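Start counting the sequence shown at 5; every next residue gets the next number (PDB author numbering). For each residue, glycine too, the CB sits at the ideal point set by N, CA and C. A quick write-up on the structure given underneath.
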Amino acid sequence: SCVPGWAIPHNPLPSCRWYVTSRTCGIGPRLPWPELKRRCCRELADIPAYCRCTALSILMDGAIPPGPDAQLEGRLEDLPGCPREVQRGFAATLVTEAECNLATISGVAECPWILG
């Protein structure tokens, strides 16, 4: 059920993408920092707790749902002078109490397998 379309929206956490590039790459929407976090957090919380780490993972590295067309969902790619590896590290902390502080499948605010 933790698959884009199903329990996770297609192209998930659009606002988290921008919140992450704001910080690591220095590019994003013209919205105050607190406003950028909120909107990402809000999006991550609309996802069922059990699928939160997976959503994060799809956003960091992408997912290819099967089907005739089935395009690549999510994934952080390189931006001029901002390698994908840099954005990944920060994206993995979103659930943390430092960041959105949201419980996952373990019932605790952390995604132990996400990063790498």
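Close Cβ partners of residue i (< 8 Å) along its chain, the five nearest in sequence each way excluded
i     : result
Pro16 : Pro8, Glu47, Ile51, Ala59, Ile62, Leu63, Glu77 and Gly78
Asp82 : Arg88
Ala74 : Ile68
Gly66 : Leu76, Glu77, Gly78 and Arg79
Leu40 : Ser19, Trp22, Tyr23, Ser26, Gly32 and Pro33
Delimiting residues of the alpha helix (DSSP H) encompassing residue i
i     : result
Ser19 : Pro18 to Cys29
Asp65 : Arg56 to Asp65
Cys45 : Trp37 to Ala49
Residue i and residue j closer than 8 Å at C-beta
i      : j      : result
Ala96  : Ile118 : yes
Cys57  : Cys20  : no
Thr28  : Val112 : no
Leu106 : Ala49  : yes
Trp22  : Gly30  : no
Residues bridged to residue i [DSSP beta-bridge criterion]
i         : result
residue 2 : No statement about residue 2 is possible, as the shown extent of the chain runs from 5 to 120 and does not include it.
Own chain residues within Cβ distance below 6 Å of residue i, not counting five before or after
i      : result
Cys104 : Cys45, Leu48 and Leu98
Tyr54  : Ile109
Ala11  : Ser5, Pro52 and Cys55
8 Å Cβ cutoff, residue i in contact with chain B
i     : result
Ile62 : Although the question refers to chain B, the structure presented lacks it and comprises just one protein chain.
Same chain only: Cβ atoms within 7 Å of residue i, ignoring 5 sequence neighbours per side
i     : result
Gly71 : none
query = If you scan the segment 67-118 from start to end, which runs of the alpha helix (DSSP H) of 4 or more residues do you find wholly inside it?
reply = Fully enclosed alpha helix (DSSP H) runs of 4 or longer: 88-95.
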